[PDB]
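Participant: protein-v3.pdb is reproduced in full below (PDB, C-alpha atoms and all ligand atoms).
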```pdb
MODEL        1
ATOM      1  CA  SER M  42      95.484 135.515  96.599  1.00  0.00           C
ATOM      2  CA  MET M  43      97.488 138.380  95.182  1.00  0.00           C
ATOM      3  CA  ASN M  44      95.484 137.324  92.115  1.00  0.00           C
ATOM      4  CA  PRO M  45      91.915 138.519  91.666  1.00  0.00           C
ATOM      5  CA  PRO M  46      89.226 136.049  90.756  1.00  0.00           C
ATOM      6  CA  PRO M  47      89.633 135.284  87.040  1.00  0.00           C
ATOM      7  CA  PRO M  48      87.163 136.891  84.583  1.00  0.00           C
ATOM      8  CA  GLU M  49      83.869 134.983  84.388  1.00  0.00           C
ATOM      9  CA  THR M  50      83.411 132.433  81.594  1.00  0.00           C
ATOM     10  CA  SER M  51      79.723 131.928  82.227  1.00  0.00           C
ATOM     11  CA  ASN M  52      76.899 134.211  83.271  1.00  0.00           C
ATOM     12  CA  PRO M  53      73.404 132.695  83.062  1.00  0.00           C
ATOM     13  CA  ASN M  54      71.584 136.050  82.965  1.00  0.00           C
ATOM     14  CA  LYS M  55      73.803 137.469  80.184  1.00  0.00           C
ATOM     15  CA  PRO M  56      72.204 137.290  76.745  1.00  0.00           C
ATOM     16  CA  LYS M  57      74.106 135.132  74.259  1.00  0.00           C
ATOM     17  CA  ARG M  58      73.914 133.744  70.739  1.00  0.00           C
ATOM     18  CA  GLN M  59      75.761 131.423  68.463  1.00  0.00           C
ATOM     19  CA  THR M  60      76.637 133.093  65.174  1.00  0.00           C
ATOM     20  CA  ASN M  61      78.728 131.895  62.235  1.00  0.00           C
ATOM     21  CA  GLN M  62      81.246 134.625  63.107  1.00  0.00           C
ATOM     22  CA  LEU M  63      81.575 133.472  66.709  1.00  0.00           C
ATOM     23  CA  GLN M  64      82.025 129.903  65.453  1.00  0.00           C
ATOM     24  CA  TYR M  65      84.762 131.251  63.207  1.00  0.00           C
ATOM     25  CA  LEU M  66      86.443 133.053  66.074  1.00  0.00           C
ATOM     26  CA  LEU M  67      86.679 129.784  67.990  1.00  0.00           C
ATOM     27  CA  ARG M  68      87.487 127.257  65.267  1.00  0.00           C
ATOM     28  CA  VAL M  69      89.926 129.415  63.301  1.00  0.00           C
ATOM     29  CA  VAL M  70      90.984 132.646  65.004  1.00  0.00           C
ATOM     30  CA  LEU M  71      91.405 131.386  68.576  1.00  0.00           C
ATOM     31  CA  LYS M  72      92.685 127.971  67.433  1.00  0.00           C
ATOM     32  CA  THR M  73      95.377 129.455  65.177  1.00  0.00           C
ATOM     33  CA  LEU M  74      96.595 131.928  67.790  1.00  0.00           C
ATOM     34  CA  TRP M  75      96.495 129.224  70.468  1.00  0.00           C
ATOM     35  CA  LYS M  76      99.001 127.023  68.620  1.00  0.00           C
ATOM     36  CA  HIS M  77     101.416 129.882  67.951  1.00  0.00           C
ATOM     37  CA  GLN M  78     104.923 129.700  69.463  1.00  0.00           C
ATOM     38  CA  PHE M  79     104.213 132.977  71.303  1.00  0.00           C
ATOM     39  CA  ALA M  80     100.818 131.941  72.692  1.00  0.00           C
ATOM     40  CA  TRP M  81     101.930 130.524  76.037  1.00  0.00           C
ATOM     41  CA  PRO M  82     102.021 133.701  78.130  1.00  0.00           C
ATOM     42  CA  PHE M  83      98.472 134.463  76.940  1.00  0.00           C
ATOM     43  CA  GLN M  84      96.853 131.043  77.447  1.00  0.00           C
ATOM     44  CA  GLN M  85      95.721 131.830  81.027  1.00  0.00           C
ATOM     45  CA  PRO M  86      95.109 134.766  83.362  1.00  0.00           C
ATOM     46  CA  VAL M  87      98.251 136.556  84.513  1.00  0.00           C
ATOM     47  CA  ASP M  88      99.412 134.893  87.712  1.00  0.00           C
ATOM     48  CA  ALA M  89     100.920 137.858  89.569  1.00  0.00           C
ATOM     49  CA  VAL M  90     102.228 135.574  92.318  1.00  0.00           C
ATOM     50  CA  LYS M  91     103.965 132.934  90.197  1.00  0.00           C
ATOM     51  CA  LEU M  92     105.369 135.445  87.696  1.00  0.00           C
ATOM     52  CA  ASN M  93     106.498 137.825  90.469  1.00  0.00           C
ATOM     53  CA  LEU M  94     104.467 140.781  89.167  1.00  0.00           C
ATOM     54  CA  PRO M  95     103.069 142.236  92.395  1.00  0.00           C
ATOM     55  CA  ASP M  96     102.194 145.471  90.580  1.00  0.00           C
ATOM     56  CA  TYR M  97     100.238 143.845  87.775  1.00  0.00           C
ATOM     57  CA  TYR M  98      96.730 144.151  89.158  1.00  0.00           C
ATOM     58  CA  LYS M  99      97.519 147.605  90.518  1.00  0.00           C
ATOM     59  CA  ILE M 100      97.908 148.640  86.895  1.00  0.00           C
ATOM     60  CA  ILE M 101      95.642 146.307  84.922  1.00  0.00           C
ATOM     61  CA  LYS M 102      92.028 146.613  86.127  1.00  0.00           C
ATOM     62  CA  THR M 103      90.405 144.853  83.169  1.00  0.00           C
ATOM     63  CA  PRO M 104      92.428 141.631  82.782  1.00  0.00           C
ATOM     64  CA  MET M 105      91.880 139.341  79.811  1.00  0.00           C
ATOM     65  CA  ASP M 106      93.644 136.312  78.317  1.00  0.00           C
ATOM     66  CA  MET M 107      93.067 133.724  75.579  1.00  0.00           C
ATOM     67  CA  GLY M 108      92.288 131.074  78.179  1.00  0.00           C
ATOM     68  CA  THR M 109      89.296 133.088  79.329  1.00  0.00           C
ATOM     69  CA  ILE M 110      88.339 133.823  75.715  1.00  0.00           C
ATOM     70  CA  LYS M 111      88.567 130.139  74.762  1.00  0.00           C
ATOM     71  CA  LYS M 112      86.225 129.097  77.572  1.00  0.00           C
ATOM     72  CA  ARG M 113      83.891 131.983  76.760  1.00  0.00           C
ATOM     73  CA  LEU M 114      83.714 130.789  73.158  1.00  0.00           C
ATOM     74  CA  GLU M 115      83.318 127.139  74.199  1.00  0.00           C
ATOM     75  CA  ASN M 116      80.565 128.196  76.626  1.00  0.00           C
ATOM     76  CA  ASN M 117      78.773 130.372  74.050  1.00  0.00           C
ATOM     77  CA  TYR M 118      79.217 133.375  76.362  1.00  0.00           C
ATOM     78  CA  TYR M 119      79.016 136.112  73.738  1.00  0.00           C
ATOM     79  CA  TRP M 120      76.126 137.898  72.042  1.00  0.00           C
ATOM     80  CA  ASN M 121      78.154 138.753  68.951  1.00  0.00           C
ATOM     81  CA  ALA M 122      81.611 138.661  67.394  1.00  0.00           C
ATOM     82  CA  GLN M 123      82.359 142.250  68.412  1.00  0.00           C
ATOM     83  CA  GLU M 124      82.156 141.275  72.096  1.00  0.00           C
ATOM     84  CA  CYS M 125      84.781 138.579  71.492  1.00  0.00           C
ATOM     85  CA  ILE M 126      87.020 140.817  69.393  1.00  0.00           C
ATOM     86  CA  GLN M 127      86.851 143.352  72.233  1.00  0.00           C
ATOM     87  CA  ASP M 128      88.228 140.744  74.630  1.00  0.00           C
ATOM     88  CA  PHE M 129      91.168 140.136  72.296  1.00  0.00           C
ATOM     89  CA  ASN M 130      91.759 143.879  72.059  1.00  0.00           C
ATOM     90  CA  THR M 131      91.714 144.236  75.848  1.00  0.00           C
ATOM     91  CA  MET M 132      94.318 141.482  76.165  1.00  0.00           C
ATOM     92  CA  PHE M 133      96.695 143.132  73.687  1.00  0.00           C
ATOM     93  CA  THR M 134      96.090 146.593  75.136  1.00  0.00           C
ATOM     94  CA  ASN M 135      96.822 145.370  78.677  1.00  0.00           C
ATOM     95  CA  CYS M 136     100.145 144.030  77.487  1.00  0.00           C
ATOM     96  CA  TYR M 137     101.092 147.360  75.867  1.00  0.00           C
ATOM     97  CA  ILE M 138     100.033 149.267  78.999  1.00  0.00           C
ATOM     98  CA  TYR M 139     101.892 147.171  81.568  1.00  0.00           C
ATOM     99  CA  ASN M 140     105.082 146.547  79.608  1.00  0.00           C
ATOM    100  CA  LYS M 141     107.702 148.532  77.669  1.00  0.00           C
ATOM    101  CA  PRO M 142     108.107 148.775  73.879  1.00  0.00           C
ATOM    102  CA  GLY M 143     110.607 146.143  72.777  1.00  0.00           C
ATOM    103  CA  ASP M 144     110.075 143.902  75.812  1.00  0.00           C
ATOM    104  CA  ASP M 145     109.973 140.226  74.823  1.00  0.00           C
ATOM    105  CA  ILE M 146     106.362 139.979  75.998  1.00  0.00           C
ATOM    106  CA  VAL M 147     105.415 142.967  73.821  1.00  0.00           C
ATOM    107  CA  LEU M 148     107.120 141.407  70.789  1.00  0.00           C
ATOM    108  CA  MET M 149     105.058 138.282  71.389  1.00  0.00           C
ATOM    109  CA  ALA M 150     101.808 140.250  71.736  1.00  0.00           C
ATOM    110  CA  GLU M 151     102.611 142.264  68.614  1.00  0.00           C
ATOM    111  CA  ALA M 152     103.135 139.076  66.598  1.00  0.00           C
ATOM    112  CA  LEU M 153      99.876 137.615  67.872  1.00  0.00           C
ATOM    113  CA  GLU M 154      98.037 140.879  67.219  1.00  0.00           C
ATOM    114  CA  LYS M 155      99.110 141.147  63.619  1.00  0.00           C
ATOM    115  CA  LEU M 156      98.135 137.494  63.110  1.00  0.00           C
ATOM    116  CA  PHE M 157      94.843 138.264  64.845  1.00  0.00           C
ATOM    117  CA  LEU M 158      94.310 141.185  62.477  1.00  0.00           C
ATOM    118  CA  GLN M 159      94.933 138.941  59.444  1.00  0.00           C
ATOM    119  CA  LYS M 160      92.506 136.323  60.738  1.00  0.00           C
ATOM    120  CA  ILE M 161      89.642 138.677  61.571  1.00  0.00           C
ATOM    121  CA  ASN M 162      90.043 140.144  58.071  1.00  0.00           C
ATOM    122  CA  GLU M 163      88.866 136.772  56.795  1.00  0.00           C
ATOM    123  CA  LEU M 164      85.822 136.736  59.123  1.00  0.00           C
ATOM    124  CA  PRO M 165      82.673 135.522  57.346  1.00  0.00           C
ATOM    125  CA  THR M 166      79.923 138.092  56.770  1.00  0.00           C
ATOM    126  CA  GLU M 167      77.084 138.249  59.297  1.00  0.00           C
ATOM    127  CA  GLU M 168      73.390 138.832  59.035  1.00  0.00           C
TER     128      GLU M 168
HETATM  129  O1  LIG H 201     101.914 141.183  80.381  1.00  0.00           O
HETATM  130  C1  LIG H 201     101.747 139.944  80.297  1.00  0.00           C
HETATM  131  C2  LIG H 201     100.545 139.418  79.647  1.00  0.00           C
HETATM  132  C3  LIG H 201     100.776 137.898  79.668  1.00  0.00           C
HETATM  133  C4  LIG H 201     102.065 137.676  80.491  1.00  0.00           C
HETATM  134  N1  LIG H 201     102.587 138.977  80.771  1.00  0.00           N
HETATM  135  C5  LIG H 201     103.793 139.173  81.426  1.00  0.00           C
HETATM  136  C6  LIG H 201     104.448 140.427  81.498  1.00  0.00           C
HETATM  137  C7  LIG H 201     105.676 140.578  82.162  1.00  0.00           C
HETATM  138  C8  LIG H 201     106.297 139.473  82.757  1.00  0.00           C
HETATM  139  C9  LIG H 201     105.676 138.211  82.698  1.00  0.00           C
HETATM  140  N2  LIG H 201     106.189 137.093  83.266  1.00  0.00           N
HETATM  141  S1  LIG H 201     106.728 135.759  82.345  1.00  0.00           S
HETATM  142  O2  LIG H 201     107.466 134.683  83.266  1.00  0.00           O
HETATM  143  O3  LIG H 201     105.502 135.076  81.570  1.00  0.00           O
HETATM  144  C10 LIG H 201     107.826 136.412  81.140  1.00  0.00           C
HETATM  145  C11 LIG H 201     108.992 137.092  81.543  1.00  0.00           C
HETATM  146  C12 LIG H 201     109.869 137.615  80.577  1.00  0.00           C
HETATM  147  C13 LIG H 201     109.568 137.451  79.211  1.00  0.00           C
HETATM  148  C14 LIG H 201     108.392 136.771  78.832  1.00  0.00           C
HETATM  149 BR1  LIG H 201     107.953 136.523  77.056  1.00  0.00          BR
HETATM  150  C15 LIG H 201     107.513 136.250  79.784  1.00  0.00           C
HETATM  151  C16 LIG H 201     104.436 138.073  82.039  1.00  0.00           C
ENDMDL
END
```
Write the structure described by the file as structure tokens, please.
Ligand SMILES: O=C1CC=CN1c1cccc(NS(=O)(=O)c2cccc(Br)c2)c1

Facilitator:
Amino acid sequence: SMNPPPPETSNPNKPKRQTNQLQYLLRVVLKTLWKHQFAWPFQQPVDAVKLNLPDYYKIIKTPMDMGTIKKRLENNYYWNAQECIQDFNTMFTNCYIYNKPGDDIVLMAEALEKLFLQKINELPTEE
């Protein structure tokens, strides 16, 4: 399509672990953000066709979204929490790259990011 293949959510040869922090990221961090009133644009990969953003994947070369992150967590895709947190960071950063300060979508991302920051502050220690 005008859309690239979505980011993988499984990769059999990638090393992975379950850690208490990754569990936390799924059951609390992801879950909380997912139910937020501003979550909906971020619950799936950007559909450049449907949303009429033909320039999106000209600009964003490392796409990420909470839908991909959710599956990745459900599929135990990650080696550690930092890998997952990086995916969240990429998603926010993409939004701030593609869009303008004060855009509705940026306001939504900003709200989610500050909530994200609160929630990872409460991340349980790891070993
Ligand atoms: O950059 C990202 C990351 C996730 C979605 N987007 C994004 C960015 C620009 C436009 C749109 N299209 S839209 O229909 O979802 C839309 C339009 C106007 C306001 C709001 Br809120 C939402 C989506």

Participant: Got a sec to check which residues lie within 9 Å of ligand LIG 201 (chain H), using all atoms listed in the file, and send them as a ChimeraX atom specification?

Facilitator: /M:79,81-89,91-94,97,104-106,132-133,135-140,144-150

Participant: If I take atom CA of residue 67 of chain M and atom CA of residue 48 of chain M, how far is one from the other in Å, to one decimal?

Facilitator: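 Spanning atom CA of residue 67 of chain M to atom CA of residue 48 of chain M is a straight-line distance of 18.1 Å.
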
Participant: When you count all atoms listed in the file, which of these residues is closest to residue 52 of chain M: M:119, M:154, M:167, M:127?

Facilitator: M:119

Participant: Within 10 Å of residue 80 of chain M, counting all atoms listed in the file, which residues qualify if same-chain residues fewer than 6 places away don't, as a short mmCIF file (atom, residue, chain, number, x, y, z; two decimals) with C-alpha atoms, in the coordinates of the input?

Facilitator:
```cif
data_model
loop_
_atom_site.label_atom_id
_atom_site.label_comp_id
_atom_site.auth_asym_id
_atom_site.auth_seq_id
_atom_site.Cartn_x
_atom_site.Cartn_y
_atom_site.Cartn_z
CA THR M 73 95.38 129.46 65.18
CA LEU M 74 96.60 131.93 67.79
CA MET M 107 93.07 133.72 75.58
CA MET M 149 105.06 138.28 71.39
CA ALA M 150 101.81 140.25 71.74
CA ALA M 152 103.14 139.08 66.60
CA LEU M 153 99.88 137.62 67.87
#
```

Participant: Can you tell me how far atom CA of residue 63 of chain M sits from atom CA of residue 168 of chain M, in Å to one decimal?

Facilitator: 12.4 Å

Participant: What does the structure give for the distance between atom CA of residue 113 of chain M and atom CA of residue 50 of chain M, in Å to one decimal?

Facilitator: 4.9 Å

Participant: Leaving out residue 57 of chain M and any residue of its chain fewer than 3 positions from it, which residues lie within 12 Å of it when counting all atoms listed in the file, given as a PyMOL selection string?

Facilitator: chain M and resi 51-54+60+63+113-114+116-122+124-125

Participant: Could you give me the axis-aligned bounding box of segment 150-155 of chain M, with 3 Å of padding per side, as centre plus edge lengths in Å to one decimal, as lines of an AutoDock Vina configuration file?

Facilitator:
```
center_x = 100.6
center_y = 139.9
center_z = 67.7
size_x = 11.1
size_y = 10.6
size_z = 14.1
```

Participant: Every residue with an atom at most 12 Å from (90.0, 129.9, 62.1) (file coordinates; all atoms listed in the file) is what I'm after, so could you write them as an NGL selection string?

Facilitator: :M and (61-76 or 156-157 or 159-165)

Participant: Can you put N, CA and C atoms back into segment 66-93 of chain M and show it as a PDB file, in the frame of the given file?

Facilitator:
```pdb
ATOM      1  N   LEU M  66      85.502 132.531  65.102  1.00  0.00           N
ATOM      2  CA  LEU M  66      86.443 133.053  66.074  1.00  0.00           C
ATOM      3  C   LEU M  66      87.015 131.914  66.907  1.00  0.00           C
ATOM      4  N   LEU M  67      86.191 130.915  67.210  1.00  0.00           N
ATOM      5  CA  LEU M  67      86.679 129.784  67.990  1.00  0.00           C
ATOM      6  C   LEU M  67      87.473 128.805  67.129  1.00  0.00           C
ATOM      7  N   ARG M  68      86.878 128.339  66.039  1.00  0.00           N
ATOM      8  CA  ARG M  68      87.487 127.257  65.267  1.00  0.00           C
ATOM      9  C   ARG M  68      88.699 127.691  64.456  1.00  0.00           C
ATOM     10  N   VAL M  69      88.779 128.965  64.095  1.00  0.00           N
ATOM     11  CA  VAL M  69      89.926 129.415  63.301  1.00  0.00           C
ATOM     12  C   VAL M  69      90.797 130.457  64.006  1.00  0.00           C
ATOM     13  N   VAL M  70      90.191 131.548  64.460  1.00  0.00           N
ATOM     14  CA  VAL M  70      90.984 132.646  65.004  1.00  0.00           C
ATOM     15  C   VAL M  70      91.663 132.244  66.311  1.00  0.00           C
ATOM     16  N   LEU M  71      90.870 131.847  67.299  1.00  0.00           N
ATOM     17  CA  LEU M  71      91.405 131.386  68.576  1.00  0.00           C
ATOM     18  C   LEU M  71      92.357 130.205  68.377  1.00  0.00           C
ATOM     19  N   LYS M  72      91.896 129.184  67.654  1.00  0.00           N
ATOM     20  CA  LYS M  72      92.685 127.971  67.433  1.00  0.00           C
ATOM     21  C   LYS M  72      94.067 128.258  66.851  1.00  0.00           C
ATOM     22  N   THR M  73      94.113 129.092  65.815  1.00  0.00           N
ATOM     23  CA  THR M  73      95.377 129.455  65.177  1.00  0.00           C
ATOM     24  C   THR M  73      96.306 130.170  66.154  1.00  0.00           C
ATOM     25  N   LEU M  74      95.777 131.167  66.857  1.00  0.00           N
ATOM     26  CA  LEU M  74      96.595 131.928  67.790  1.00  0.00           C
ATOM     27  C   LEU M  74      97.067 131.041  68.932  1.00  0.00           C
ATOM     28  N   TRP M  75      96.220 130.092  69.325  1.00  0.00           N
ATOM     29  CA  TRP M  75      96.495 129.224  70.468  1.00  0.00           C
ATOM     30  C   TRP M  75      97.725 128.351  70.232  1.00  0.00           C
ATOM     31  N   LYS M  76      97.923 127.941  68.980  1.00  0.00           N
ATOM     32  CA  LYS M  76      99.001 127.023  68.620  1.00  0.00           C
ATOM     33  C   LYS M  76     100.291 127.747  68.270  1.00  0.00           C
ATOM     34  N   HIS M  77     100.252 129.074  68.305  1.00  0.00           N
ATOM     35  CA  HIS M  77     101.416 129.882  67.951  1.00  0.00           C
ATOM     36  C   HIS M  77     102.535 129.712  68.987  1.00  0.00           C
ATOM     37  N   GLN M  78     103.785 129.865  68.557  1.00  0.00           N
ATOM     38  CA  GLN M  78     104.923 129.700  69.463  1.00  0.00           C
ATOM     39  C   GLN M  78     104.937 130.759  70.577  1.00  0.00           C
ATOM     40  N   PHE M  79     104.244 131.869  70.351  1.00  0.00           N
ATOM     41  CA  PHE M  79     104.213 132.977  71.303  1.00  0.00           C
ATOM     42  C   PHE M  79     102.929 133.002  72.136  1.00  0.00           C
ATOM     43  N   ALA M  80     102.121 131.952  72.028  1.00  0.00           N
ATOM     44  CA  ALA M  80     100.818 131.941  72.692  1.00  0.00           C
ATOM     45  C   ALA M  80     100.910 131.722  74.205  1.00  0.00           C
ATOM     46  N   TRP M  81     101.950 131.025  74.661  1.00  0.00           N
ATOM     47  CA  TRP M  81     101.930 130.524  76.037  1.00  0.00           C
ATOM     48  C   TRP M  81     101.730 131.583  77.138  1.00  0.00           C
ATOM     49  N   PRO M  82     102.315 132.799  77.005  1.00  0.00           N
ATOM     50  CA  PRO M  82     102.021 133.701  78.130  1.00  0.00           C
ATOM     51  C   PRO M  82     100.545 134.125  78.189  1.00  0.00           C
ATOM     52  N   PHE M  83      99.832 133.947  77.079  1.00  0.00           N
ATOM     53  CA  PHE M  83      98.472 134.463  76.940  1.00  0.00           C
ATOM     54  C   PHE M  83      97.402 133.380  77.047  1.00  0.00           C
ATOM     55  N   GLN M  84      97.810 132.158  77.381  1.00  0.00           N
ATOM     56  CA  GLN M  84      96.853 131.043  77.447  1.00  0.00           C
ATOM     57  C   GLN M  84      96.114 130.922  78.789  1.00  0.00           C
ATOM     58  N   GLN M  85      96.367 131.849  79.706  1.00  0.00           N
ATOM     59  CA  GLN M  85      95.721 131.830  81.027  1.00  0.00           C
ATOM     60  C   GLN M  85      95.817 133.202  81.681  1.00  0.00           C
ATOM     61  N   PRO M  86      94.962 133.479  82.677  1.00  0.00           N
ATOM     62  CA  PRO M  86      95.109 134.766  83.362  1.00  0.00           C
ATOM     63  C   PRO M  86      96.516 134.966  83.921  1.00  0.00           C
ATOM     64  N   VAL M  87      96.953 136.217  83.945  1.00  0.00           N
ATOM     65  CA  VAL M  87      98.251 136.556  84.513  1.00  0.00           C
ATOM     66  C   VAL M  87      98.257 136.138  85.976  1.00  0.00           C
ATOM     67  N   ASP M  88      99.235 135.315  86.335  1.00  0.00           N
ATOM     68  CA  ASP M  88      99.412 134.893  87.712  1.00  0.00           C
ATOM     69  C   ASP M  88     100.475 135.785  88.322  1.00  0.00           C
ATOM     70  N   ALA M  89     100.034 136.840  89.005  1.00  0.00           N
ATOM     71  CA  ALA M  89     100.920 137.858  89.569  1.00  0.00           C
ATOM     72  C   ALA M  89     101.869 137.294  90.617  1.00  0.00           C
ATOM     73  N   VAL M  90     101.428 136.236  91.292  1.00  0.00           N
ATOM     74  CA  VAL M  90     102.228 135.574  92.318  1.00  0.00           C
ATOM     75  C   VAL M  90     103.359 134.763  91.698  1.00  0.00           C
ATOM     76  N   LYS M  91     102.992 133.807  90.849  1.00  0.00           N
ATOM     77  CA  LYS M  91     103.965 132.934  90.197  1.00  0.00           C
ATOM     78  C   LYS M  91     104.973 133.696  89.347  1.00  0.00           C
ATOM     79  N   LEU M  92     104.502 134.696  88.607  1.00  0.00           N
ATOM     80  CA  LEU M  92     105.369 135.445  87.696  1.00  0.00           C
ATOM     81  C   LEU M  92     106.085 136.604  88.386  1.00  0.00           C
ATOM     82  N   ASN M  93     105.884 136.740  89.699  1.00  0.00           N
ATOM     83  CA  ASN M  93     106.498 137.825  90.469  1.00  0.00           C
ATOM     84  C   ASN M  93     106.209 139.203  89.861  1.00  0.00           C
TER      85      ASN M  93
END
```
